[PDB]
Every structure is written in C-alpha cells, then in structure tokens.
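Single chain ahead, by itself, as structure tokens, in the form deposited in one PDB entry.
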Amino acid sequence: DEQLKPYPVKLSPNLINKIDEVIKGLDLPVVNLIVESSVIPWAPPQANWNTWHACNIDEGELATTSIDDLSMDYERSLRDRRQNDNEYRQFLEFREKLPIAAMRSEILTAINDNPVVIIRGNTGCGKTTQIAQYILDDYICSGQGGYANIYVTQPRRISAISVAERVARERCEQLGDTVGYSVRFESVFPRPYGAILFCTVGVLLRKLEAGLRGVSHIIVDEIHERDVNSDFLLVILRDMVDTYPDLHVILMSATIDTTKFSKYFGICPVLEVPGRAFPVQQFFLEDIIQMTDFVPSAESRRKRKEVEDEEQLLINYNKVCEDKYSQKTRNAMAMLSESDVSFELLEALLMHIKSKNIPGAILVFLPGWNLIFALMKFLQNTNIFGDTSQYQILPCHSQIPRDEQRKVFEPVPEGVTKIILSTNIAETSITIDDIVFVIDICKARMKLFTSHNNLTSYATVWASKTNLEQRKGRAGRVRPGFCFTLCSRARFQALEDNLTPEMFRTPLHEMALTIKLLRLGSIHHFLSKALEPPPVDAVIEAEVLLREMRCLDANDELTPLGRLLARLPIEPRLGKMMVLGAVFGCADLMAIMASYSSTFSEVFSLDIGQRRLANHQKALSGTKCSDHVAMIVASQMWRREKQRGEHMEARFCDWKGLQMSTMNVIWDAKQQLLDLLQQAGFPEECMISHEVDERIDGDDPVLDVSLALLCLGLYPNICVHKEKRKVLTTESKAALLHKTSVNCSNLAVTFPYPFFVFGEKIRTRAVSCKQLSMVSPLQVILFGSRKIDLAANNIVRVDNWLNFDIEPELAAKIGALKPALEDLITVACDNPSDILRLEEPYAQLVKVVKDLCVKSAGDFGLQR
C-alpha cells in the first residue's frame, strides 16, 4: 500500500524541560490525544446628522441650518449651473438622447409609488449612470433637495470607481461634492445631503453596522450575477422595506427571468427599458480557421506533448465538425487542443482584424490573471501588434492599482485600436469605451468549491449560455461589431445554460460572521429567508466551523455573538493567524504573508514559455526553498527601490522579474490589515518590521515563527513531497508542484524537509499546488494540524495521514499545549492593549513556542 516512511525528529532535553515546566505553570489537562433579528435602523433625513458617517456633525456649519435652507440652496445652485455652464448644457443634450430618457418620467413615477421597483434593460442603455441622477434631480427640483440620499451598490470595485467618476464628469464637477464613492482602500465621501454614494456591496454590508439612518434610495446594481453578497443585500433590503414603508429600493438587472425576483418582493413592478441597438456577427472556431487559413504549428503541438507528458504519466468536442467545412479545416480543428489557448491563433485573428481595416477598439475576455499577463508580455514582444505605434495593449481588472485604471479609461488619439485584455468584469459592467470587436475564449477562472467544508480549489471552467450572449451583445456599442467565439460549435451546443448561483458554491462562514455581526439572528433562519437558500448541510458545516477555532467573542449557543475576523476584510483563519502574529510580535511578516496568500496575483513574471524560474528568481528563496520567503525579501527590497528613485524601482521590477501591480497590491493590503489591527487595540510597538536576512543558513526566530503561524493559517493545505514534482495531499491524493513555484525543478532535487504548505490549488490541467513554503515537522505538529493520535509501534498519526516517530508523552504535551494557544488568543482578544505584558505563565508559553518553532529545533542528533 506504499506506507509512508515516518520523518525522524527529536528535540534536546532542555527543550522538553521547558515544555514540562510551561505545562506545569499553565496546569493544562494532559493525556498519555486531544481533549435575534434587529432590522437595521432607518430614519428620514434629519438635521445635525451625517448620513454617510452615521454620526452627528456638530461642526462649524450644518448646525443652525435647517434642511429646507439647504434644499433651496441646492435648487438655486442647480438653476445657476443650468443657466451658466455650457458644458452642462452639452451633457444634458447627450443625456437626453439615451433610451432611458424616453422613459425617464415613467421611471420616476414607479419609484414615487412603489417602494421596490426592478428595472430590466440592456447593458449600456443608461441605468446605473442615469437612474440615480434622475432621482436626485427630481428631488432637488421638487423642493426637497435635502431629503435625498442615494446609495448605489455596484458589484466590483472598478465598476464603482469608474461609474462614480463618469457620473461626476456628467455633472461638470469633481468627486466629493454631490457624487462620491466608497470601495475598499479608497473612500471619497460626498456632502451629507442630496448626494450619490457609489459603494461596493461588501462596503455597504460593513456600513450597515451603524445603520442606514438618513438614506432615501438604495439602488442594487447588477443583481443578475447572483453573487452571495448581492443575495445577502437583497434579503436585508427586503426586511428593511417590509419594516420601513418609506425606503425606496431599486434593483437593476440585464438578462434574467425577473419573474423570480418580482415574486420574491411580493410582486413588484418590473420596467422594461428599450434596448438602444447595434448588430453583431458571431463567428466560431470553424469560421475563424476557415477565413484566416490557420495552420496549427505542429512544432508547438510537439512542445505541448512534451509539456503535457507530465500528467499522462499518472470527451473532446474539437474533433466533431460538420461536413460543410473543408477537410483541412476539420483536420486543423482536430490538431488544436481545447484545454489550452493557441496564441498563434490569436495572432492570426489580429492579422484578420488588421486586414479588415475596420476601426474600433477590440476587447478580449481572457480566461484568467496569469493568462492575461502572459498574453500581455507575448504581445509586447511581437512587432506588428505590440509596438506603441498604431497599437497598445492594456489590461483591465479589479485588483490592478488605480494608476493603470486612469490610463485605460481615458481615451487615446489616432485610433490605436486599444487592445483591451479583460476578465469577465467587462460584460455587464463599466463597458469602458467604444467596442466593435469582441473575442471571447469561453473560459473563466472560478473558485470551484468542491462542496464539503474545506480545501478551496480554483479552476478554469467553460462559460454559460447567458455569459456568452452578454459577451456577444458587448460587440455592438459604436459600430455594428463582430464576436469571435474561440470554440467549436459542438462545444457551444454542450455549454451549460446558466451558471449556478454563487451561494451554492462558496463557503458560508464569512456570511454567518456578517449575519451575526449586525445582530440578524440565527444563521439557518436567515439563510432560509434568502432567494435560493443554500443546501442545509453547507449551513451546518459553516456554523460548526465558526463554532470551532475562535478569535472572537463567539461561544456555544444560538446567540454566540461575533467581533473581529468579520470586520477584518480577510478570511477568519487568516485573521486568527494575524492576531496570533500580533501576540508574538511578528505581526508585520504575518500581515504581508496573508496579503500575498489572499491575492491571486503572481510574485514572479515568467518569460514567454518556461517551466520554472531559471536562476535569479529562484535565488530570492535561497536555502528556505519557499515562495513566501522569496516574496517577503523581494517586497522589502522593492520597497527600498521605490522609496528611492522610481526609475530603478521599475528597472528592478523588470530585472528580477517582479510585477509592480502585485507588489502594490500586497503592500496596500498589508497596511490596511495592520491599520485595522491598530484600531482593534493592538499597539504599534509589536508591529515593527523585522528584516528577513535570507543569507543566514539555519536558525532565524522571526522567520521560523512566521512559517509556523502560516502553517496555522493555511490549514489543511499540507503536502508531502515524494519524488520529482509529485506530492501527496490529504487522503494521500497525488498532485504536481506548480511550475511557477521555486520548489519546481527539472533536475533530481531533494529538499531538506518534505513538508510543504501551499496557498491555492489551480486545477487548470491537473491538481497543482502553488504558493509553496517548506516547513519543519514541528511546525506541522503544532500549528498545521488538528488531529493527533497514537498508532501502533509508538507512531504518531497527524491528521490521520501523516506518520511521525516521537515519544508519545512529548506529542501529548504538544497536543495539550494547543488549547493553551487557543486560550492565549482569547486572552489577547480580551485586552488587546496588554498582549506583550501578559501573565508570567503565558509569557513562558510564548517563549517556549518561539524556541520550539525554530527551523533546526527538530534535528537534535540528526545529520540531515
């Protein structure tokens, strides 16, 4: 049965003496192995109240002024702007030509009569950009300008930011006067009365803590993606409208049978908004190879065979085609591979586009982030497509920093065709500029939750009928356009109808944390009140996981309460590891590791076609053999280069193969997490950065304890290397080390320790684990474990699949010490300002854990 050979490990007598002394000081039990609804408050607009911050103003102004005076001021200012601004006149002329204007008055009537109204219409017809302004202008011109307050919940950060900027531009002003936005890392707030605040749904859910006192309209945009946050918000607003009859809620959808939504809200009006127009032609893989005369490069086929023999060691719809097509067409179609994307095919497509000499920017729905930057660097390398003359390739996503959003959104002269590389965030979303050409690869990266309770996996899966229809409709927008769908006709015939609602394929622990943070009641009842309740077993699994490891005020009853790990914008496990790092004084390293582990961006840029990092990107990890350590060192010295001259910052980014966007994302997330810990009560003095000297070969207390807390925070992602690129994950499941990690090599390379912890598992072609870090057996025994047992021949069983050789009393001592760590977390949470001045027994526990989590602490008497 290929029994795993136990890893030899011993500790010095002084260490075990410290263990028994600390377990006697703590006096923990040892073994000889482990022992309602509050309807969020709402109130009409009231003087001396700031709606967005939910607190009384009490400042120099807005104190002795009634709402009516402000309404009169707003009305007079609006008339002045109408009668004095020519730009405003031109923008009004432009707004009066949209289809929404033809229904404008009608729309208002519904909002003035029914508390909830759904607005169904085509994307790009002017719903999010026009409805809020219509409501606000109606309220201002009606003499009630100060009585209006409009939240607009956009689905993603980039959508909210871009739509807020566009709305501000349409009113000939700047952000923060009457239109603002509030997304993660970035909040620009408008004036207290008569303003529009574009905020993402999660930001609104967090703002719900203090209540929506003073909000008159809430506009949930893009309800048809059916993400879990939108469903939470829909339930919340349903109860809010049921209790408060004066609140106005407007839901917006594009392509769905809105009958279900109408039935959900007790039969609410659904207004059908006329579709502007614009035709689109759809050509498939068959027609593409026919009119481009593509020759599938057999040399690249041999390369693909060589690079795919890996998975081969341990039904295709590309082979099916109708007889109307030529023999060469079907032969080349068969030669192509469905799973991978042929970049030579994309260059043939771009050749066809340039040959058509029809102007207009093109946009491509690339599968995923890695593929987006791979195509980025490939196109930048080519000559005809990639030079700054007549062409430029620009990426779009939510996680990219704001710096590139400005340059992609802003228009360019001479018509350089603006090749946009986007994820699926551009179908029912911002719509950017004019589009005439839509190239869809029919692939999308999705967090494919394999039901169960844990082991979050990610996979690139085929899109759906509705997504493809939306992407085809995204072609017509400035000139009749064309849609090149890169798949066979049989593949489209085999695509699923609609993608499943997100609630059925996401964990619900954060959902329940947010539910109980706002005092909404029992999780089961609240989830049963949703549109489509999630499967019950998922609810019990999430609740039992939350009732398991706690860094909160949670307990064991129907009202356990909850604080922290929910207001922290990170998964509860990583927040728990953050708090533990704040206890040990290594909060900075843990924060940056969490920021890198919660982001899908890659730390290292790989050239066009490789299997690993050749020498210099591997040199950063050095003797640690980990991506987290190399990531940390790269981030510090990148910060150094950025603090000094920007030129060498960029030059270094290119020279060591690091990505500026990735470093900026991890840096911003690290500072946000450190701040949100600061306001939680943890002093700054334990968050001082510790420089990581990778050159030191051996003992390093801060780095070793950081890897230990990583083992704690990434449970149950622990794997054992066997040979070459093969590792075993839980239940002894085979997996291959990701080619991007530093632990991958084509030579017969052996590691000092075989235990690794990995961030995510990308199932693009096979089970592949990325974000790898090698950890000693003691770290796995302490932190990266949950089940400890004694097997035959005095062999310790860890997680029922890991074999260890150790004295049973020592393993029992560590197992009893784990509840001591839990109680330390609870004590630190009780008084966050007293975490480095603890009781003497807890100080001893921290000291012994620090001395025990050392890299070389488990090699006593072993040459290794």
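All residue numbers are counted from 1 along the displayed sequence. Only the largest set of C-alpha atoms that superpose within 1.5 Å between the two forms is called the rigid core.
Keep in mind that the form deposited in another entry is missing from the display, and what follows is about it.
Core superposition between this form and the one not shown leaves every listed residue (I788, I158, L204, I119) with a C-alpha shift below 2 angstroms except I788.
The Cα shift for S389 between this form and the one not shown, taken after rigid core superposition, is 2 angstroms or larger. Once both forms are fitted on their rigid core, the CA atom of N453 lies 2 Å or more apart between this form and the one not shown. With the core held fixed between this form and the one not shown, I425 has its Cα displaced by at least 2 Å. By 3 Å or more, the C-alpha separation between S785 and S598 grows in the other entry relative to the form shown here. In summary, the C-alpha positions of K818 and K10 diverge in the other entry, ending up at least 3 angstroms farther from each other than in this conformation.
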